[PDB]
Undergrad: 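The following block contains the structure, expressed as C-alpha cells.
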Amino acid sequence: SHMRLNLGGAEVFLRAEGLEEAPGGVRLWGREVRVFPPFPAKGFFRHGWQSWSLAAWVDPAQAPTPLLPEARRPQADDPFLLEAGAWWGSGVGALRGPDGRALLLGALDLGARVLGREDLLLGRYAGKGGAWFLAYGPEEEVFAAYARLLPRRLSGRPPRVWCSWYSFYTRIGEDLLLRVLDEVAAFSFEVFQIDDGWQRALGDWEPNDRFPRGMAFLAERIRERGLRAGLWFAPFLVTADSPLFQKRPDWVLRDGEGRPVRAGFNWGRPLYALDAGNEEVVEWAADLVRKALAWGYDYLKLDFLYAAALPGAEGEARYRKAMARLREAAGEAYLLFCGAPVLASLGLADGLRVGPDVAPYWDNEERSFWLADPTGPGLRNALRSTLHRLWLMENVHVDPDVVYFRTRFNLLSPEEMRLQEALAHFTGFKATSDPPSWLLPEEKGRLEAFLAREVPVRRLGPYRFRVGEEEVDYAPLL
Amino acid sequence: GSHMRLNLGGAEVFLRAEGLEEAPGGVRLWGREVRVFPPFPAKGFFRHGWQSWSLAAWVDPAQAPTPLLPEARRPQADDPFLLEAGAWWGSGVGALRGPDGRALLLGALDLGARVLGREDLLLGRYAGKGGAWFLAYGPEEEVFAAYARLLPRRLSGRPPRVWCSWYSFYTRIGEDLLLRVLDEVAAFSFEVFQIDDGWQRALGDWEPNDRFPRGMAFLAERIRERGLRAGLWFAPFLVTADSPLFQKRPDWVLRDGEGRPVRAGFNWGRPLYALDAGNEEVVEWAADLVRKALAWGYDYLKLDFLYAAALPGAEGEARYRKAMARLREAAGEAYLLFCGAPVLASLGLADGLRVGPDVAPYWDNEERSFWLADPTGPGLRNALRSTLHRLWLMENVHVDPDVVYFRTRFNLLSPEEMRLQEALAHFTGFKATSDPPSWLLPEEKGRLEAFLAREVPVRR
Amino acid sequence: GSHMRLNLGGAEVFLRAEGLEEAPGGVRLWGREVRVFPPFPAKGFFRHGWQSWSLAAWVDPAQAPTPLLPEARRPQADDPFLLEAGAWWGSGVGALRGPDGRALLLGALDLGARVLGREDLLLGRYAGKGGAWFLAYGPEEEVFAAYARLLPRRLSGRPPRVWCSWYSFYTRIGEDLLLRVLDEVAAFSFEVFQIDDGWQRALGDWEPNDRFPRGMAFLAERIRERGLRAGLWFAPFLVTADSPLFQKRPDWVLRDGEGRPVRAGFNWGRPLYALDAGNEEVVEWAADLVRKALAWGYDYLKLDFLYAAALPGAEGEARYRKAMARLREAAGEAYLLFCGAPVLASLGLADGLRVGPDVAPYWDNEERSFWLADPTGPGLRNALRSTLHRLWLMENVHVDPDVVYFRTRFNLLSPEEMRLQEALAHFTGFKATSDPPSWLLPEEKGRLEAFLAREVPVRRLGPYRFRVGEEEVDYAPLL
Amino acid sequence: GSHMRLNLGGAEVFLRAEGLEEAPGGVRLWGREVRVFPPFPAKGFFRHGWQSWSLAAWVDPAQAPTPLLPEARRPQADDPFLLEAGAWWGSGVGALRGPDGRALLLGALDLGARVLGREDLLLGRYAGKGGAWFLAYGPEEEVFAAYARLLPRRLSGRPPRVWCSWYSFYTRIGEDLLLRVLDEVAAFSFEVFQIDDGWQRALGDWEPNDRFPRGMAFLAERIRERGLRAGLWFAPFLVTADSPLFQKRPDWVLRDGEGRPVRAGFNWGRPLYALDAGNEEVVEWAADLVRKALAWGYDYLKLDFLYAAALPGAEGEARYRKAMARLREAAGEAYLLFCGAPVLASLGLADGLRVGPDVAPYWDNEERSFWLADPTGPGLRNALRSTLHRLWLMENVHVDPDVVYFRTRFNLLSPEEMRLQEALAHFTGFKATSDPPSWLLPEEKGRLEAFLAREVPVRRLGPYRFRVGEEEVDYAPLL
C-alpha cells in the first residue's frame with residue numbers, strides 16, 4: 001500500500017493497492033489512492049463532470065463557493081461536486097508545482113472522482129475500484145500522456161455546421177428554416193442542423209404544428225442542396241407536462257422513495273430524467289436515433305446527456321451502456337454529445353461539447369458571480385472550460401460551440417468574437433448560427449473565408465496561440 | 001426489481017416487482033420493495049394504522065400529515081415510524097381511490113410491511129426481508145374483501161356477550177363492588193363478566209391488590225356460580241419504572257443498542273416501558289400469566305397494550321407474532337381478545353381484535369383530537385372512524401368495536417350518538433357493555449337486554 | 001421613589017414609593033412603580049389573573065411559569081403580558097406569604113396595574129398613569145378583606161336564582177325547546193330564566209336566528225307570564241371574520257400600530273377579533289344592544305367575553321371602564337352579570353361577576369389543563385380553584401361561582417364533586433343551574449328545590465375549609 | 001386620531017385623521033398617520049417605489065413581497081425601509097383598486113411619507129413631523145391626475161432632443177472618440193450632445209481624466225460650434241473609498257450613529273458611499289460643481305445617483321430637498337435632468353426626471369429580475385414597467401423614459417420591443433438616444449432623423465394601451 005517512486009525526476013510517495021509502469025508515468029490500482037506532491041502545490045486542476053461544468057485551475061486554499069440556485073445544480077455538474085466543502089473533480093485532477101509542472105492523477109475507468117488539496121491528490125472510485133494513471137512532468141505532456149490511455153474515436157475532420165439555436169432559439173418553424181436554408185446553402189457548409197424547437201415536447205419527439213409537413217420532408221430539402229441534415233434531441237429528458245411522463249410513469253428515474261430525481265430547471269420548468277438503467281427506455285431512445293436516420297438525418301446532436309448519468313459518478317456505468325446502444329443504432333452517423341459526461345463519453349462520441357453554451361454576450365455577471373454559476377451561457381464561460389479541455393483532441397472532435405460573425409443581435413465585441421473564432425480553427429470544429437440575412441456584406445465574406453480555408457494554428461502555451469501569424473492570448477479572461 | 005405491465009380490473013397498470021402471478025381477486029407480487037403506478041389521478045389514500053388505536057381512514061395525500069403530540073405518546077399511538085415520517089405511510093396495506101370510486105389496493109401477505117402512498121404511486125416496503133403482496137383494482141368493498149381472504153383466519157363461533165368493568169369504574173374497582181355489580185348483571189343475557197384494569201398491584205405484578213383481599217380465584221368462582229364465564233384483563237409486556245419487576249429483572253426490559261430502555265408511551269400518569277418479547281424468558285413468564293389465569297378460573301382474557309411486544313413497529317412484528325403464538329398455545333381454547341395490538345399481525349391468533357381507539361362517555365375530546373392532533377385518544381368518534389375502516393376484517397376475526405353505552409347517567413353521549421355505536425356492535429356481532437344496571441333507567445334496561453338478543457335479520 | 005421604613009404587622013417593612021399615608025388595616029402608597037420588601041423569606045406568591053377565566057392561585061415564585069398553549073388562545077385566557085413573561089406577574093393585586101400563614105398584600109386602588117412577585121420583592125407597576133396602592137401585613141383573610149373595602153362596591157340586594165340554558169344545551173337551543181323547559185322550570189323557586197349563547201345569528205349580528213322565529217321579545221313575554229324575569233346573553237365587543245359587521249364596519253375593528261386586527265382568541269372553531277371600545281361609535285352601538293334587550297323585555301343580561309373591550313390588557317382598562325360605564329347607564333337598574341371580564345376593573349359596574357373558568361360536566365380535561373398548560377378552560381376543578389381565591393370580592397359584587405349541577409344524566413361529575421360546587425353557591429348566595437327538570441331524577445328534583453328554597457348558613461374556617469350548615473367541606477386536596 | 005365618515009366618489013368611506021377639508025378632486029387630510037378603509041374588497045395595491053429606478057406597479061396585496069438580493073444593492077434600488085419590511089409599503093402615494101377598476105388614492109402633500117397597502121386598509125405614515133394628505137376615489141386616471149395637480153410643477157417648454165454617450169460606450173469614452181461621434185451626430189436634429197459617465201477622474205473628483213486631455217470646456221466649445229448645447233453627467237453626492245475626496249475630507253462622508261459610513265450600494269465593482277447632504281460645506285461644494293459646469297459651457301446637466309443625498313429614505317427627503325434647491329439655484333435656467341432620484345421629492349426642482357430603471361440592449365436579465373428578485377436592474381422590460389406607472393407626473397416635470405434604441409448592431413432587442421420604448425418617447429416627448437450614427441444601417445439613420453424631426457400625436461386609451469400616430473400599442477402583456 002505505501003510506495004515510493006521516481007516520477008519526473010522527483011520523489012513521489014503514494015498509497016495504492018498496485019503499481020506498474022505505463023507510457024509517460026505509472027498505472028495505479030485501488031478503489032481509493034492517495035498521492036503526495038513533492039512540492040507546495042500552488043494550483044489544483046478542477047475538472048467538472050459534464051460539458052457545461054467548470055474546468056479550470058483553482059487555488060485549493062480557498063473554499064469552493066456554492067452554486068445557486070439549488071434547482072440548477074443537477075444541470076451544472078456532478079451534484080456531489082457541488083455539495084462538497086472540498087475541491088473535488090471528475091475523472092482527473094492535478095496539482096501544479098512552483099515551476100509549472102503538473103502532478104496528474106487520472107482514472108482509466110468509469111465512475112471516479114479526484115480530490116485536490118495543497119498536500120494531496122486523492123482518487124476515489126464511486127463504485128468498484130479500477131486503474132489510475134499517474135504522471136509528473138510538463139503540463140501539456142502529462143495531459144497528453146493520460147488522454148492516450150483513454151478511448152478514441154476520431155472520424156476524419158469535423159463537419160462544417162450551420163445550427164439554428166444561437167439565433168432563433170426555440171422560435172423555429174419549417175417555413176422560416178426553408179428561407180434560411182436557401183441563404184445558408186450558398187456557403188461552404190456541410191451540415192444544416194435543426195436545433196431545439198421542432199418537437200412537440202420532451203419525450204414527444206415528433207414535429208409540432210410549426211413543422212406541418214414533417215421532419216423527413218425537411219431533411220429531403222436539405223439534401224437537395226448538397227447538405228447533410230442534422231437534428232437535435234435531449235433523449236433522456238422529460239418534464240411533468242410531457243405526455244411520456246404521464247403515459248409511462250415507470251420510465252421516470254426515481255429515488256429510494258419513488259420520487260422523480262430532479263434534473264434541473266430550464267424552459268421555465270423543472271426537468272426530470274428517463275431511467276437509462278431501464279432496458280425499455282434504452283431501446284426507445286435507440287429507436288429515436290433509428291427514426292431520425294430513417295427521416296434522412298445523419299448528423300445528430302444529443303443534448304442534456306448528464307440526465308442518463310444521474311446522480312453523478314455513480315451513474316456513469318448506466319450512462320456508458322445506454323450511450324453504447326445509441327452509438328450502435330446510429331451506425332456511422334455523426335453523434336455530437338452535449339451536456340454530456342466528458343470522460344465517460346470518449347470512444348462513443350464523434351464530437352463532444354467541452355464548455356458552457358456561448359451566448360451573444362461576454363458574461364452575465366448576475367449568474368456568474370452573484371449566483372456563482374460559471375456553467376451558464378456566455379462567451380467567457382464557454383472559453384474558460386473549453387481552454388482546459390483541448391487535450392481531448394486526440395480522443396474526439398472537440399466542439400468549442402458556434403462562432404459569431406454578426407454584430408446585429410449580438411452584444412459581443414469584435415476582439416471577443418475573434419477569441420472564439422480562433423478556437424474553432426484550433427479544434428477544426430466550425431459552426432455558426434448566424435442567419436446570412438443578419439450579416440453585413442463584410443461579415444458574409446468573413447464567414448465564407450472561415451468555412452473555405454484551413455488556417456494553421458499553433459499552441460505556444462496554455463493560453464497563447466498563433467493562428468495564422470496572429471498571436472491570440474487568453475490569459476486575461478481567467 | 002423487473003419492470004412489468006399488466007391488465008388489472010380493465011386498466012393497464014405498470015409496476016415494479018420481483019415476481020408476479022395470478023391470485024383470486026387480483027395478482028400477487030413478490031419483493032422487499034414493490035412499486036405500483038395508478039392508472040388514474042388518485043383522489044385519496046387509505047391510511048391503515050398499525051395497531052388497534054391507530055387511525056384508519058382515507059386521507060388526502062397532497063396535504064402533509066400533522067405531527068402527533070405529545071411526543072411521549074407516539075409509541076402507544078401507532079408505528080413510531082409512521083408518526084415521524086413527513087409522508088403518508090400505512091401499515092401492511094394501502095390503497096388509492098380513482099375518480100369513479102374504485103380502489104387500487106396493495107396489501108402485504110407477510111409480516112413487517114409498510115405502504116407509502118402518494119397521488120401518483122403506491123410503494124410497499126418490507127422492513128425485514130422480502131415477501132408477498134396482493135394487488136387488486138376494483139370496487140372498494142370487493143377489493144378489501146378479496147385481500148382479507150388471503151390473510152390468516154380464526155373465526156370462533158359467535159363472539160361472547162361481555163360485561164366489562166372499565167368504562168364505568170375505570171381503575172376504581174374492588175372485590176366487594178364487583179360482587180354487588182355481578183348480582184345485578186347476572187339478570188341479563190351476558191356470557192362473560194370481565195374484570196378490567198384495576199385488580200393488579202402493578203404492571204408486571206399481576207397479583208391481586210388490597211381491594212381484592214380474597215384474590216382472583218375466589219372472584220372467578222363467584223362469577224361461575226352464577227352461570228357466567230369469568231374474564232380478566234392483562235397488559236403482559238408493559239411495565240413501569242416503579243414496578244418491582246422492573247427492579248428485579250432489568251434484563252427483561254426492552255433496551256436499545258445503547259442499553260437504554262425503549263419508551264413505550266405515557267399512561268396512568270407515568271412513563272411506560274416494555275418487557276422484551278424477544279427474550280424467551282419473558283415469553284414463558286407471559287405464558288405463565290395466561291396459565292395462572294386459567295387455573296384461577298378465567299377462560300376469557302383481554303390482552304392489552306400488545307403493541308409493546310412489537311416495538312419499534314414493522315420491524316418488531318416477527319417477534320410479536322412468535323410471542324403471541326406462545327400465548328395462544330398456553331390459552332388453549334380460552335377466548336383471547338387482543339387490544340392495543342398490531343392489527344394484521346394478530347390475525348389467526350386472536351379470537352377478538354379491538355380495531356379502534358377506546359370509546360369514551362363523550363363524542364370527542366377536541367383538545368386531544370385537534371390541538372394535539374392525536375386521533376387515537378378515547379372518544380366515540382375516534383372509535384367509530386377507525387372501526388368503520390376495518391370491518392373488512394370480519395372474516396378473519398371477531399371485530400371488537402369496543403363497548404356500547406346504554407346509560408345516560410355518568411355519560412355525555414347523546415342518544416343519537418349512542419345508537420351509532422350500538423348499530424356497529426349489531427353489525428360485527430361483538431356485544432359488550434360496562435353499564436352497571438343500577439345506573440340504568442328502566443327504559444335503558446330494556447334497550448340493553450333487547451340489544452343482547454339475537455338479531456332478527458331485515459333485508460329489502 | 002423614596003426609600004421608606006414601616007412597622008406594619010408587628011414587622012418592619014422596607015419599601016420604595018413616592019407617598020405614604022395611613023389607611024384602615026394598613027397604609028396607602030403612591031407611585032407609578034412601588035417596591036415592597038418582605039421582612040421574611042417568602043414561600044408563596046398570590047398570582048391574581050386578569051379576567052374571570054384567569055388563574056387566581058398561590059404559586060411558588062421559585063419555579064418558572066409554564067407557557068400556556070396554544071398561542072392562539074392566550075388573548076382569551078389572561079392579560080397577554082402575564083402570559084408572555086418569564087417572571088410571575090399578577091393583575092391589580094399580589095401578596096407574599098410568610099411562614100405563619102400571614103400575607104403581605106400589595107393592591108392597586110386604580111385601573112391598569114400589575115404586580116410582580118419574587119421571593120424577596122413585591123413590585124407594583126401601573127401601565128398608564130400612576131396611582132394609589134393598598135399595602136397591608138396580617139392574617140390572609142383580614143388583609144384581603146381590608147383591600148376589598150377600598151375598592152368600588154355595587155351590592156344590588158341579594159343575588160337572583162337563575163336557570164341558565166348554557167350548561168345543558170350549549171348552542172343547540174331553540175324557541176320551542178326553551179318553551180317546554182320554561183314550563184318545567186317555572187315549577188321551581190327560580191327568579192330568572194336566562195337564554196345563553198345560541199339565539200343569535202352571529203357575533204355582531206345580535207338578532208334571532210331561524211330557531212327563534214317569533215323573535216326574542218315574544219320568548220321574554222312568555223317567560224314573564226310564568227312569574228320569571230327574562231335573561232339574555234351577549235358578547236358585545238366580539239366579532240369574527242365571517243361576521244357581516246366585520247365586513248361592513250372595518251373601522252370598528254380593534255387594530256394594532258400597523259393596522260392589523262388585534263387577535264382576541266380562538267373559539268367556536270374560528271379566530272376571534274375585537275371591536276374597539278375606545279371608538280365612541282362602537283360603545284354607542286353596544287349600549288344600543290343593551291337598550292334593544294331591555295325593550296324586548298329582558299332585565300337580566302349576561303355580558304360575556306368582556307376582556308375583548310380591554311385588550312391588550314392592563315393598558316386597556318381605562319377604555320374598558322368608560323365603555324362599561326356607558327353600558328351600565330344604558331342598562332339602568334337591570335341586572336348585569338359580567339363574564340370573561342377584567343375582574344378588578346369591573347367592580348362598581350357589575351351586579352354579578354364570574355370569578356372562575358366555566359364549570360363543565362367533568363372534573364378536569366387533562367389534555368388542556370396539563371398538556372396544553374391551560375388552567376382557564378372549562379372544568380369544575382379549574383372553576384373551583386380560581387373562585388376559591390376571589391371570594392373576598394363579596395364585599396364588592398355578587399360573586400358568581402358558575403352553575404351547580406344536580407343531574408347525574410349527561411354529566412360526568414361525581415356526587416362528592418358536585419357538592420363542592422353547591423357549597424360555594426351557598427357561601428356566595430349566587431344560585432344558578434342549567435339542569436333541565438326533565439333530566440333530573442325525583443331525588444335530584446327534591447335536592448334542587450331545597451337548594452333554591454333554603455338559605456343554608458356557610459362559615460369559613462380557613463382558606464380551603466368551610467362549614468356549610470353542619471358539615472365541614474374541605475377543598476385543599478384539589479391544589 | 002378622530003374617526004370620520006365620508007362620501008367620496010359616491011361611496012361611503014371610513015377614515016381616521018386629525019383633520020379633513022375639501023379639495024379639488026377629493027379631500028385633504030391632516031395627520032402624522034392616517035388610515036382609510038376601502039368600501040370594497042381591494043384587488044390591487046399601487047406600490048410606488050422611492051426613486052427613479054424603484055419598482056412602480058400594481059401588486060397583489062395578499063401575497064408577500066420577495067426580498068431583493070444581493071443585500072449590498074438594496075440602498076441603490078429603493079428606500080431601504082420598503083425593502084426590509086414584510087408588508088407592502090410605497091413612497092409618497094399608494095392606492096387600492098376596486099373590482100370596478102377605480103382607485104382609492106392616498107397621497108402625501110409633504111416630504112417624508114410612506115403609504116402601507118393591505119387588502120382592507122390604506123395607511124399613511126410620515127417619517128418625520130406630520131403633514132397633509134390627499135384622498136380621492138374615482139377613475140384611476142382622474143385621481144392620479146387630481147393628486148399631481150396638488151404637487152409642485154416645473155414645466156420648461158418641451159424636452160430637448162438629446163444624444164447621450166452612455167448606452168453605447170458606457171464608461172469607455174474619450175475626448176477623441178467623442179469628437180468623431182459629435183461629427184456624425186451633428187448631422188441629425190438633436191438639441192443636446194450629452195457626455196455621460198466616464199469623463200471624470202473619480203467620484204468626488206469631478207475633473208477630466210487622462211482621456212480628456214484638453215479638458216471639458218474645450219469639449220463644450222466644440223459642441224456649441226455645431227449649433228448644439230453641451231450636456232454633462234455628475235453623481236454629485238456619491239463617493240467610493242478609493243476616491244481622493246473620501247480620504248481628503250473624511251468629515252464629508254455621511255455616517256451612521258457609530259461613525260461608520262452609510263452604504264450607498266454596489267456599482268462599478270466597488271462599494272458606494274454618500275456625501276452628507278446635510279453638511280453645508282458639502283452642499284456648497286456640490287453647488288460649485290454646477291457652477292463649474294456652467295462656466296465650462298454646459299447648460300444641460302444629468303444629476304445621477306441622487307438618492308444618496310436622501311439616504312436613508314423618507315427621513316432624508318427634507319435634507320435632500322434643501323440640497324437640491326441649492327443646486328437648482330446654482331444652475332439658474334440650465335436644464336437639470338434628475339436620475340436615480342427620489343421621484344416625488346424632486347418635483348418643482350427638476351426640469352426632467354427619470355422615472356424608471358435604466359434601459360439596456362436586452363429585454364430582461366432573468367437572473368437579476370427573477371432569481372435575485374431585483375426589478376430595478378437595467379433592462380427594457382424593467383424600464384417600461386415603472387415608467388408606465390409614472391406617466392401621470394407629466395404635468396409636473398418632463399418625464400424621461402430613458403433613451404430609445406434604433407440600432408440592431410450591438411443590441412439584443414427585437415424591433416417590436418424597440419418600438420415600445422420609441423412609443424413612450426413620443427408620448428412623453430422626451431427624445432434621447434445613445435446610438436452612434438456609424439453603428440446604424442442606412443434605414444436606421446432615416447428612422448432616427450424622422451423620430452427627431454416629426455412630432456407624432458399620441459393618445460392614451462387605457463392604462464397600457466396607446467394610439468401613437470395610427471398604430472395601437474399595447475403594453476399589458478409585459479406586466
Side-chain angles (χ1 to χ4, degrees), chain A residues 159-234 241-243 267-268 288 291-301 303 336 357 359-360 402-410 431-441 443-444 447-448 451, chain D residues 363 408 411-420 441 443 471 474 477:
Chain A
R160 301 188 293 284
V161 183
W162 188 93
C163 171
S164 72
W165 180 251
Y166 297 95
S167 43
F168 301 110
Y169 291 88
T170 59
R171 301 175 30 74
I172 57 165
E174 142 198 320
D175 289 330
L176 169 92
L177 287 179
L178 296 171
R179 293 191 297 273
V180 176
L181 179 59
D182 205 76
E183 269 154 35
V184 161
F187 290 87
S188 291
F189 289 101
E190 303 166 284
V191 171
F192 188 96
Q193 189 238 295
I194 296 146
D195 217 280
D196 169 17
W198 62 270
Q199 72 284 2
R200 295 155 59 81
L202 301 175
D204 190 354
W205 296 107
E206 293 291 322
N208 66 45
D209 270 353
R210 331 193 291 287
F211 288 82
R213 281 175 282 188
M215 289 335 276
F217 159 83
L218 204 31
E220 180 52 41
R221 291 294 186 91
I222 291 154
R223 272 144 89 240
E224 290 165 9
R225 304 200 168 259
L227 291 177
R228 302 161 70 180
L231 195 57
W232 175 98
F233 302 74
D241 55 337
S242 279
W267 311 277
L288 292 173
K291 181 170 70 179
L293 296 197
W295 282 346
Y297 301 84
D298 66 347
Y299 179 104
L300 297 180
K301 180 178 173 181
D303 220 334
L336 172 59
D357 290 4
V402 310
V403 181
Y404 290 93
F405 291 87
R406 66 183 204 257
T407 53
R408 303 179 76 207
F409 309 113
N410 189 4
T432 188
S433 279
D434 291 350
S437 65
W438 296 6
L439 297 172
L440 311 167
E443 294 161 345
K444 284 187 170 81
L447 169 62
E448 178 54 17
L451 297 170
Chain D
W363 180 251
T408 53
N411 184 4
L412 296 189
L413 296 154
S414 71
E416 185 38 70
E417 295 168 341
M418 272 181 271
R419 197 148 237 121
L420 289 166
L441 311 165
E443 54 265 36
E471 228 168 311
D474 182 45

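Any value given below was found using the heavy atoms of this structure, including those in side chains, with hydrogens, waters and symmetry copies removed. Throughout, a chain's letter reflects where its sequence line sits, starting with A, and its residues are numbered from 1.
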Undergrad: List the steps and the verdict of salt bridge (charged side-chain N to carboxylate O under 4.0 Å, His left out) for A:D182 and A:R225.
TA: CA-CA 9 Å; A:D182 205 76; A:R225 304 200 168 259; 2.6 Å; yes
Undergrad: What is the ring orientation for A:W205 with A:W198, classed by angle as parallel under 30°, tilted 30 to 60°, or perpendicular over 60°?
TA: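 The arrangement is tilted - the two ring planes meet at 30° to 60°.
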Undergrad: What's the shortest heavy-atom distance between A:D204 and A:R200, and which atoms?
TA: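 Heavy atoms of A:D204 and A:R200 come nearest at OD2-NE, 3.0 Å.
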Undergrad: With a 4.5 Å heavy-atom cut-off, do A:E443 and A:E448 have their side chains touching?
TA: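 No, every pair of side-chain atoms sits at 4.5 Å or beyond.
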Undergrad: Counting C-beta onward and ignoring hydrogens, is there a side-chain heavy-atom pair between A:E183 and A:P435 closer than 4.5 Å?
TA: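 Yes - at least one pair of side-chain heavy atoms lies under 4.5 Å apart.
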Undergrad: Which atom names give the shortest non-hydrogen contact between A:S242 and A:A201, and what distance separates them?
TA: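 So the two residues come closest at OG-CB, 4.2 Å.
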Undergrad: If you take all heavy atoms of A:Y297 and A:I194, which pair is closest and at what distance?
TA: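 In this case the closest contact between A:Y297 and A:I194 is OH-CD1, 3.8 Å.
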Undergrad: Please test A:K291 against A:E206 for side-chain contact (heavy atoms from CB on, under 4.5 Å), starting from the C-alpha separation and ending with a verdict.
TA: CA-CA 10 Å; A:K291 181 170 70 179; A:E206 293 291 322; 2.4 Å; yes
Undergrad: Which pair of heavy atoms, one from A:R210 and one from A:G197, lies closest together, and at what distance?
TA: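 Minimum heavy-atom separation between A:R210 and A:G197: NH2-O, 3.0 Å.
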Undergrad: Does either side chain, that of A:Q193 or that of A:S164, offer a donor lying less than 3.5 Å from an acceptor on the other one?
TA: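 A:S164 and A:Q193 do not have a side-chain donor-acceptor pair below 3.5 Å.
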Undergrad: Could you tell me whether the side chain of A:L181 reaches within less than 4.5 Å of the side chain of A:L227, counting heavy atoms only?
TA: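 Result yes, sub-4.5 Å side-chain heavy-atom pair found.
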Undergrad: Say you draw a straight line from OG of A:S167 to CZ of A:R406; how long is it, rounded to the nearest 0.5 Å?
TA: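 That separation rounds to 6.0 Å.
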Undergrad: I need the A:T170 OG1 to A:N208 CG distance, nearest 0.5 Å.
TA: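 Output value for this atom pair is 10.0 Å.
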Undergrad: Indicate yes or no: at least one non-hydrogen side-chain atom of D:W363 is less than 4.5 angstrom from one of D:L412.
TA: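 SC-SC contact between D:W363 and D:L412 ruled out.
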Undergrad: Looking at side-chain heavy atoms only, is the closest gap between A:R408 and D:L441 below 4.5 Å?
TA: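 A side-chain contact exists here, since the closest heavy-atom pair is under 4.5 Å.
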Undergrad: Can you see whether A:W232 engages A:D303 through a side-chain donor-acceptor pair at a distance of less than 3.5 angstrom?
TA: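 A donor-acceptor contact under 3.5 Å links the two side chains.
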Undergrad: Rounded to the nearest 0.5 Å, what's the gap from CZ on A:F192 to CZ on A:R223? Could you check?
TA: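 It is 15.0 Å, given to the nearest 0.5 Å.
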Undergrad: With no hydrogens and no angle check, is any side-chain donor or acceptor of A:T432 less than 3.5 Å from a backbone partner on A:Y404?
TA: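 The answer is no, because no donor-acceptor pair under 3.5 Å joins these two groups.
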Undergrad: Could you check if a side-chain atom of A:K444 sits within less than 4.5 angstrom of a side-chain atom of A:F187, using non-hydrogen atoms only?
TA: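 Of all side-chain heavy-atom pairs linking A:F187 with A:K444, at least one is under 4.5 Å.
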Undergrad: Can A:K301 and A:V161 be said to form a side-chain contact (heavy atoms from CB on, under 4.5 Å), step by step?
TA: CA-CA 11 Å; A:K301 180 178 173 181; A:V161 183; over 6 Å; no
Undergrad: Let me confirm one number: the CG-OH distance from A:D357 to A:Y166, rounded to the nearest 0.5 Å.
TA: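 Going from the CG atom of A:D357 to the OH atom of A:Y166 covers 3.5 Å.
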Undergrad: Say you draw a straight line from CG of A:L176 to CZ of A:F211; how long is it, rounded to the nearest 0.5 Å?
TA: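 So the gap between those two atoms works out to 8.0 Å.
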Undergrad: On a heavy-atom basis, which atom in A:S188 and which in A:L451 lie closest, and how many Å separate them?
TA: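 Closest pair (atom of A:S188, atom of A:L451, distance): O-CB, 3.7 Å.
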Undergrad: Spell out, as yes or no, whether a donor-acceptor pair under 3.5 Å connects the side chain of A:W295 to the backbone of A:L231.
TA: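 No.
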Undergrad: Using every non-hydrogen atom in the two residues, find where A:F405 and A:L439 come nearest and quote the distance to one decimal.
TA: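 Looks like C-CD2, 4.0 Å.
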Undergrad: Establish, from distance only, whether the side-chain atoms of A:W267 and A:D196 form a donor-acceptor pair under 3.5 Å.
TA: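 Looking only at side-chain atoms, A:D196 and A:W267 do form a donor-acceptor pair, the distance falling under 3.5 Å.
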Undergrad: Is there side-chain contact between A:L178 and A:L218, with heavy atoms separated by less than 4.5 Å?
TA: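 Yes - at least one pair of side-chain heavy atoms lies under 4.5 Å apart.
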Undergrad: Between A:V402 and A:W165, is a side-chain contact (heavy atoms from CB on, under 4.5 Å) present by the stated rule, with each step listed?
TA: CA-CA 9 Å; A:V402 310; A:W165 180 251; over 6 Å; no
Undergrad: Is the shortest heavy-atom distance from the side chain of A:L300 to the side chain of A:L336 under 4.5 Å?
TA: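 Side chain of A:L300 against side chain of A:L336, heavy atoms only: no contact under 4.5 Å found.
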Undergrad: Could you go step by step and tell me if A:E190 and A:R228 meet the salt bridge (charged side-chain N to carboxylate O under 4.0 Å, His left out) rule?
TA: CA-CA 6 Å; A:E190 303 166 284; A:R228 302 161 70 180; over 6 Å; no
Undergrad: Please assess A:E174 against A:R213 for the test salt bridge (charged side-chain N to carboxylate O under 4.0 Å, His left out), listing each intermediate value before the final yes or no.
TA: CA-CA 8 Å; A:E174 142 198 320; A:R213 281 175 282 188; 2.7 Å; yes
Undergrad: How long is the span from the CG atom in D:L413 to the CZ atom in D:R419, to the nearest 0.5 Å?
TA: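 D:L413 atom CG to D:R419 atom CZ measures 13.5 Å (nearest 0.5 Å).
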